[PDB]
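Undergrad: below you'll find the sequence and an experimental structure to go with it.
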Amino acid sequence: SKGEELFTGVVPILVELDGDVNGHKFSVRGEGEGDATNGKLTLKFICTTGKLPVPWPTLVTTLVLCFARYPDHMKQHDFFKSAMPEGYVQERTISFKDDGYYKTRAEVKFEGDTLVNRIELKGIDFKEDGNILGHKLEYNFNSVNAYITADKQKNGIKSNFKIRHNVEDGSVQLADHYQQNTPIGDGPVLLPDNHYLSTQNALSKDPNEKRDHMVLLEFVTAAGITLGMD
């Protein structure tokens, strides 16, 4: 596959999300750019339907792993870029412990010059006074290593990892993530060996923005495979 050659520069990004959590409907639109050479994403997200009915941090994982920085000695394990430009489907179940769950289905693929992440999210069985629908989570996002394994019986990859959201009262809300990715096209894809993505996030606000929004800076770097340019 040649897909990785589409990410050697800076690539504009468009993210569109339609959400429905316990019948609370919402939409989010994000725009920015990705720089896979550095593993860097810079995006600004707007709730275009007004008030976001869930905390912005609970949407970070849902709102483009093709922008991870794979070190040279690991380029053969980069499933995400290998599927491009046709893209992949990314599906998750995110189970909030002692609370509801998200089910997400996204298509990550190039539309023209732009990498687009288009997502359908349904949230079910949440508590209306819980940490999610109650907006009890701090506006931040801790750093995380998320392990990838190949899924040969689906021609894709899978991953499960735990996101720990800080609660305003000092407790921690667990979001257990189960993820599946499978290509859209029929071309060749890279099935990686076991490894992980190391991710850091900085969440902020745009002073001149009145809408409900999230400014996001994110770094994603692949690791977990031995040797590589001492």
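TA: Right, received. Where do you want to start? Residues are numbered from 1 along each chain as shown.
Undergrad: which parts of stretch 88-99 are buried?
TA: Residues of stretch 88-99 classed as buried: 88-92, 94-96, 99 (neighbour count, 16 or more other C-beta atoms under 10 Å). From N, CA and C alone the C-beta is placed, and that goes for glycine too.
Undergrad: kindly apply the preceding question to stretch 175-195 instead.
TA: So for stretch 175-195, counting by 16+ other C-beta under 10 Å, buried means 175, 177, 179-183, 189-192, 195.
Undergrad: any chance of the residues you listed in JSON lines, plus distance to residue 24 and secondary structure?
TA: As requested, those are exported to JSON lines (distance: C-beta to C-beta, whole Å; DSSP: H, G, I helix; E, B strand; the rest coil):
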{"residue": "175", "distance to residue 24": "18", "secondary structure": "strand"}
{"residue": "177", "distance to residue 24": "21", "secondary structure": "strand"}
{"residue": "179", "distance to residue 24": "24", "secondary structure": "strand"}
{"residue": "180", "distance to residue 24": "26", "secondary structure": "strand"}
{"residue": "181", "distance to residue 24": "28", "secondary structure": "strand"}
{"residue": "182", "distance to residue 24": "29", "secondary structure": "strand"}
{"residue": "183", "distance to residue 24": "33", "secondary structure": "strand"}
{"residue": "189", "distance to residue 24": "37", "secondary structure": "coil"}
{"residue": "190", "distance to residue 24": "39", "secondary structure": "coil"}
{"residue": "191", "distance to residue 24": "39", "secondary structure": "coil"}
{"residue": "192", "distance to residue 24": "37", "secondary structure": "coil"}
{"residue": "195", "distance to residue 24": "37", "secondary structure": "strand"}
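Undergrad: closest one of the residues you listed to residue 206?
TA: residue 175 (25.5 Å; C-beta to C-beta).
Undergrad: and the gap between the closest one and residue 195?
TA: Using C-beta to C-beta, to the nearest Å, one obtains 22 Å as the distance from residue 175 to residue 195.
Undergrad: leaving out the residues flanking it, which one is nearest to residue 195?
TA: Residue nearest to residue 195 in three dimensions, not counting chain neighbours: residue 224, with 3.8 Å by C-beta to C-beta, 6 or more residues apart in numbering.
Undergrad: still on that earlier bit, out of the buried residues of stretch 175-195, which is nearest to residue 76?
TA: Closest approach to residue 76 among the buried residues of stretch 175-195 (C-beta to C-beta): residue 190, at 6.0 Å.
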